[PDB]
Protein chains: 4
Amino acid sequence: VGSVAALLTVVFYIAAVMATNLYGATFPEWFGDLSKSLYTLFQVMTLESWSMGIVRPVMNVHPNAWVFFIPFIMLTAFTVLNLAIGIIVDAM
Amino acid sequence: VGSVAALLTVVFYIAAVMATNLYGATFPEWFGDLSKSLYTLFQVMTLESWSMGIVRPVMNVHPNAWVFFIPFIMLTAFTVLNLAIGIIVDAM
Amino acid sequence: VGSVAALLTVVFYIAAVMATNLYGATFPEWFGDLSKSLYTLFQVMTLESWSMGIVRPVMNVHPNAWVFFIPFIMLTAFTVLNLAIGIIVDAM
Amino acid sequence: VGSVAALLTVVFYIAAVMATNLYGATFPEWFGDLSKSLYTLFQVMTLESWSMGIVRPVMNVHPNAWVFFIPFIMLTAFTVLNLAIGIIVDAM
Ligand code: NA
């Protein structure tokens, strides 16, 4: 349960380091810092305005940006579901 | 568990093939080719701007478009919940 | 499990009959028919643009509209969670 | 199960009292009084337009506003998941 929470934090950093590098120069408001990126990657992870607000505008410059976001969305959604079930196990 | 993941992929393709055909000519940005559709159907599946952003604009041209989207939303939401429970079973 | 699915359909109709009556004349695009209402109440139920898109604009005319929507959101979210768990029970 | 529902209500009030104080004067439409805040904190809790619609505009004035919202989002999401599992326990 704690192993999952640690793994996510690790993944989230590598993701926000990568996103900064890839989209930072072109999209400074969302990916211009490691911190600006950590926030957007959290916003995308909760799914709030992920596509119409972030992904679609990013793709008008980087047409393959979906290769980054869609997996990140699937990965974090699986990690969160795995973390959600881990709490249920601790009960039973 | 793997059977569900395979079934969804099958359904998602038939859905994106259909969506391309039905709304492609009229809504090229979201359903203009097979991939454009696959992305929009994923966006609709995560629920991000599904109605105000996609479905409502599509219905101003195709007033019965809801017969396609609403079931797709219910189907994928059930398939995902079924896939979510399948992972819980593998634990126990 | 089937009892819950039946109860929701009943509730959804009474809700969409009520919403039509209350907000129909003032908000014809979202609540001007029983069908227009069934769609908005589904969109609100999935949570897509529920507040910034629907509830907040409705409250600029009907300032107590939240007494209708917030409970409907809580009720349907509980009914859906109850329906979600009912499927898990059928497995075990 | 009832203990969780009580705890959330307590937390939600302290959060809405705080939000009113912190962002009230600057953002009167969303945090202008205790109720305006209670509604916005519920809207943020369901995740509807939490970032692009609320948090990002608030940060253009209060750049550390994320220290309030992101934890509130994580806290309520955990409290709700804990409340969701509590209902499953009552079945079994
Ligand atoms: Na959501």
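Can you pull out the residues in segment B:83-92 that are over 28 Å from B:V17 (Cα atoms) and more than 8 Å from chain C (Cβ to nearest Cβ)? So that I can check it myself, show each step before the final result.
As a first pass, look at segment B:83-92 and keep what is over 28 Å from B:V17 (Cα atoms): B:85, B:87-92.
Hits for segment B:83-92 are B:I87, B:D90, B:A91, B:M92.
When you look at B:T9, is it surrounded by 16 or more Cβ atoms within 10 Å (Cβ to Cβ) and in a helix (DSSP H, G or I), yes or no? Steps first, answer last, please.
Values: surrounded by 16 or more Cβ atoms within 10 Å (Cβ to Cβ): no; in a helix (DSSP H, G or I): yes.
No, not satisfied.
Inside segment D:30-45, can you point out the residues that are buried (at least 20 other Cβ atoms within 10 Å of the Cβ) and among the polar types (S, T, N, Q)?
D:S37, D:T40, D:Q43
Specify which of the listed residues (D:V61, D:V80, D:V17) is within 12 Å of chain A (Cβ to nearest Cβ) and either farther than 25 Å from C:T46 by Cβ or within 16 Å of the ligand (Cβ to nearest atom) (or both). Steps first, please.
Working: D:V61 fails: within 12 Å of chain A (Cβ to nearest Cβ); D:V17 fails: within 12 Å of chain A (Cβ to nearest Cβ).
None of the other options fit; the residue is D:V80.
Within segment B:28-37, can one find any residue that is hydrophobic (A, V, I, L, M, F, W, C) and within 25 Å of C:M52 (Cα to Cα)?
First, the residues of segment B:28-37 that are hydrophobic (A, V, I, L, M, F, W, C): B:30-31, B:34.
Subset that is within 25 Å of C:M52 (Cα to Cα): B:30.
Yes, that holds for at least one residue.
Can you name every residue in segment D:29-58 that is within 11 Å of chain A (Cβ to nearest Cβ), β-branched (V, I, T) and within 11 Å of the chain's Cα centre (by Cα)?
Listed by number, the residues that qualify are D:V44, D:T46.
Condition check: under 24 Å from C:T46 (Cβ atoms) and assigned to a loop (DSSP other than H, G, I, E, B). Does A:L47 satisfy that? Show your work before the answer.
On the way: under 24 Å from C:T46 (Cβ atoms): yes; assigned to a loop (DSSP other than H, G, I, E, B): yes.
Judged against the criteria, A:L47 is a match.
Here are some residues: D:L47, D:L41. Which one is at positive phi, free of Cβ contacts under 8 Å to residues at least 40 places away in the same chain and hydrophobic (A, V, I, L, M, F, W, C)? Reasoning before the result, please.
Working: D:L41 fails: at positive phi.
From the options D:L47, D:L41, the qualifying one is D:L47.
Residue under question is D:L47, and the condition is that it be hydrophobic (A, V, I, L, M, F, W, C) and more than 16 Å from the ligand (Cβ to nearest atom); does it hold? Walk me through it before giving the result.
On the way: hydrophobic (A, V, I, L, M, F, W, C): yes; more than 16 Å from the ligand (Cβ to nearest atom): no.
Criteria not met by D:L47.
Within segment D:83-90, does at least one residue satisfy the condition of being more than 26 Å from B:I88 (Cβ to Cβ), in contact (Cβ under 8 Å) with a residue 12 or more places away in the chain and in a helix (DSSP H, G or I)?
no
Restricting attention to segment D:21-40, which residues are of a type in the set (D, E) and either part of a helix (DSSP H, G or I) or in contact with a strand residue (DSSP E or B) (Cβ under 8 Å, 6 or more places away or on another chain) (or both)? Quick ask: steps written out before the conclusion?
The first filter runs over segment D:21-40 and keeps only residues of a type in the set (D, E), leaving D:29, D:33.
Selection gives D:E29 alone.
Please count how many residues of segment A:14-28 are touching a residue at least 24 places away in the same chain (Cβ under 8 Å) and under 14 Å from the mean Cα position of the chain (by Cα).
Initially, segment A:14-28 is screened for residues touching a residue at least 24 places away in the same chain (Cβ under 8 Å), giving A:15-16, A:18-19, A:22-23, A:26-27.
Now drop any that are not under 14 Å from the mean Cα position of the chain (by Cα), which leaves A:15-16, A:18-19, A:22-23.
Count: 6.
Run A:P71 past the list (1) surrounded by 14 or more Cβ atoms within 10 Å (Cβ to Cβ); (2) farther than 13 Å from D:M52 by Cβ; (3) away from chain D (no Cβ under 11 Å) and report the number of the one that doesn't hold.
(1) is the only condition that A:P71 fails.
What number goes with the only condition from (1) more than 30 Å from D:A91 (Cβ to Cβ); (2) more than 14 Å from chain D (Cβ to nearest Cβ) that A:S3 does not pass?
(1)
We did not get these values from a lab; they are worked out from the coordinates using the rules stated. Every residue, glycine as well, gets a Cβ built from its backbone with ideal geometry; the counts of neighbours run over all protein chains shown.
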